[PDB]
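Enquirer: I am attaching a structure below and will ask some questions about it afterwards.
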Amino acid sequence: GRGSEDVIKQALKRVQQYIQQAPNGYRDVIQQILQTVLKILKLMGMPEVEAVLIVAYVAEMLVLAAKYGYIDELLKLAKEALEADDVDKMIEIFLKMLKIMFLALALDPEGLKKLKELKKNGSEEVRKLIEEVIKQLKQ
Amino acid sequence: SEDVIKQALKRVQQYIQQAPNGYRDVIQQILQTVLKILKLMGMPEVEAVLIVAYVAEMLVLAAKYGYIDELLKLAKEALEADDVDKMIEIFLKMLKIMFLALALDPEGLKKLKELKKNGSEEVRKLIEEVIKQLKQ
């Protein structure tokens with residue numbers, strides 16, 4: 001492949017395209033949200049390539065889910081996740097947002113198209129997981 | 001260094017080489033076929049390799065708490081599932097275990113607690129987006 005800068009450039013260009021596709025008037029606060037989230041993920045000690053790819057993949061799934069009307073529900077859960085009581089309640093709502101984004105990927109005709117190939121192509125994968133699950137049982 | 005694919009595959013291989021030798025070859029085969037599947041999903045090769053290395057990191061941490069047996073059975077059940085919806089439900093169960101291993105990790109929970117106290121900056125901007133959306 002290429003360098004870390006090439007991955008970050010391509011992914012951040014993808015994110016910027018997602019922000020340009022939002023109604024003007026939201027792009028300012030959306031630009032601010034991208035800045036602090038990247039800052040927060042940087043203070044996590046997480047490598048910048050991992051954080052940028054997480055941001056880019058979530059942003060792509062936020063755009064797809066917004067096209068099917070789920071942006072209102074996702075923003076509501078994002079508020080509850082950050083205002084929750086403890087850490088364990090945050091992840092619970094985090095996994096709830098991830099579910100809606102994943103099901104919106106299944107509602108997308110092209111996303112369901114590729115999600116079915118992910119299911120079929122896994123045929124060679126089940127046997128190997130079965131093969132070593134059997135080996136782990138003997139251990 | 002200039003090639004993150006070289007860096008990621010070096011990280012992935014060191015996980016496989018340190019695994020019990022009885023599973024070495026079967027893990028290598030799983031690695032090659034998973035990379036074949038991700039490329040078929042329209043994912044760039046540089047991102048597919050990176051996406052295989054970061055998940056392998058979480059698999060190593062979750063295996064330290066005895067969760068590798070559950071994750072493999074969930075992976076088998078998700079692939080042999082009936083519909084796409086059920087496969088997504090089982091995949092979310094795998095993600096629940098991933099987040100649980102991060103919370104059980106000492107440094108992971110420390111940084112996870114940093115979010116419950118650094119989220120305040122992110123709420124005020126998304127509430128601004130919420131208020132602007134409730135207008136329309």
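By convention here, the chains of the structure tokens are called A, B, ... in the order presented, each chain's residues are numbered starting at 1, and ligands are numbered starting at 1 in the order presented.
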Using only C-alpha atoms and a distance of at most 6 Å, pull out the residues of chain B that contact chain A, as an mmCIF file with N, CA, C and O atoms, in the first residue's frame.

Expert:
data_model
loop_
_atom_site.group_PDB
_atom_site.id
_atom_site.type_symbol
_atom_site.label_atom_id
_atom_site.label_comp_id
_atom_site.auth_asym_id
_atom_site.auth_seq_id
_atom_site.Cartn_x
_atom_site.Cartn_y
_atom_site.Cartn_z
ATOM 1 N N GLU B 2 6.973 3.300 5.327
ATOM 2 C CA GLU B 2 6.263 3.998 4.262
ATOM 3 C C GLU B 2 5.063 3.210 3.756
ATOM 4 O O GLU B 2 4.216 3.775 3.058
ATOM 5 N N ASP B 3 4.978 1.923 4.084
ATOM 6 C CA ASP B 3 3.885 1.058 3.653
ATOM 7 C C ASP B 3 3.148 0.573 4.894
ATOM 8 O O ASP B 3 3.671 -0.256 5.647
ATOM 9 N N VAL B 4 1.938 1.093 5.112
ATOM 10 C CA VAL B 4 1.145 0.652 6.252
ATOM 11 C C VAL B 4 0.661 -0.779 6.072
ATOM 12 O O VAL B 4 0.378 -1.462 7.064
ATOM 13 N N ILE B 5 0.557 -1.255 4.829
ATOM 14 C CA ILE B 5 0.249 -2.663 4.599
ATOM 15 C C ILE B 5 1.369 -3.538 5.142
ATOM 16 O O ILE B 5 1.120 -4.571 5.777
ATOM 17 N N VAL B 46 -5.596 -1.289 1.016
ATOM 18 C CA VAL B 46 -4.881 -0.683 2.134
ATOM 19 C C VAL B 46 -5.786 -0.581 3.357
ATOM 20 O O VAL B 46 -5.337 -0.762 4.496
ATOM 21 N N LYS B 76 -19.250 -18.095 13.697
ATOM 22 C CA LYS B 76 -19.840 -19.212 12.965
ATOM 23 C C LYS B 76 -21.351 -19.057 12.846
ATOM 24 O O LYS B 76 -21.923 -19.296 11.776
ATOM 25 N N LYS B 111 -9.163 5.425 29.555
ATOM 26 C CA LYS B 111 -9.481 6.262 28.404
ATOM 27 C C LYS B 111 -10.975 6.259 28.106
ATOM 28 O O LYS B 111 -11.501 7.245 27.578
ATOM 29 N N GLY B 119 -17.154 14.348 26.893
ATOM 30 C CA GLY B 119 -18.276 14.442 25.979
ATOM 31 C C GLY B 119 -19.000 15.769 26.032
ATOM 32 O O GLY B 119 -19.650 16.140 25.050
ATOM 33 N N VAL B 123 -21.647 17.410 23.274
ATOM 34 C CA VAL B 123 -23.098 17.499 23.424
ATOM 35 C C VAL B 123 -23.601 18.851 22.940
ATOM 36 O O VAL B 123 -24.603 18.934 22.220
#

Enquirer: Excluding residue B:74 and its own-chain neighbours fewer than 2 positions away, which residues fall within 8 Å of it when counting only C-alpha atoms? Please give them as a list in words.

Expert: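 Neighbouring residues, sequence-local ones excluded: residues 70, 71, 72, 76, 77, 78, 90, 91, 93 and 94 of chain B.
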
Enquirer: Can you work out the spacing between atom CA of residue A:59 and atom CA of residue A:110 in Å, to one decimal?

Expert: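 Between these atoms lies a distance of 17.5 Å.
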
Enquirer: Given the choices B:42, B:54, B:67, B:48, which gets closest to residue B:97 if the distance is worked out from only C-alpha atoms?

Expert: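 Counting only C-alpha atoms, the residue closest to residue B:97 is B:67.
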
Enquirer: Using only C-alpha atoms, which residues sit within 9 Å of residue A:60 once same-chain residues fewer than 6 positions away are excluded, as a VMD selection string?

Expert: chain A and resid 14 to 15 18

Enquirer: Would you mind telling me which residue in B:56, B:12, B:127, B:84 lies nearest to residue B:68 when using only C-alpha atoms?

Expert: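 Closest residue, counting only C-alpha atoms: B:56.
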
Enquirer: Which residues come within 8 Å of residue A:65, counting only C-alpha atoms, excluding same-chain residues fewer than 4 positions away, as a list in words?

Expert: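 After dropping sequence-adjacent residues, the list is residues 61, 69, 70, 71, 100, 101, 104 and 105 of chain A.
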
Enquirer: Quick check, in Å to one decimal: how far apart do atom CA of residue B:36 and atom CA of residue B:53 lie?

Expert: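 A separation of 14.6 Å between them.
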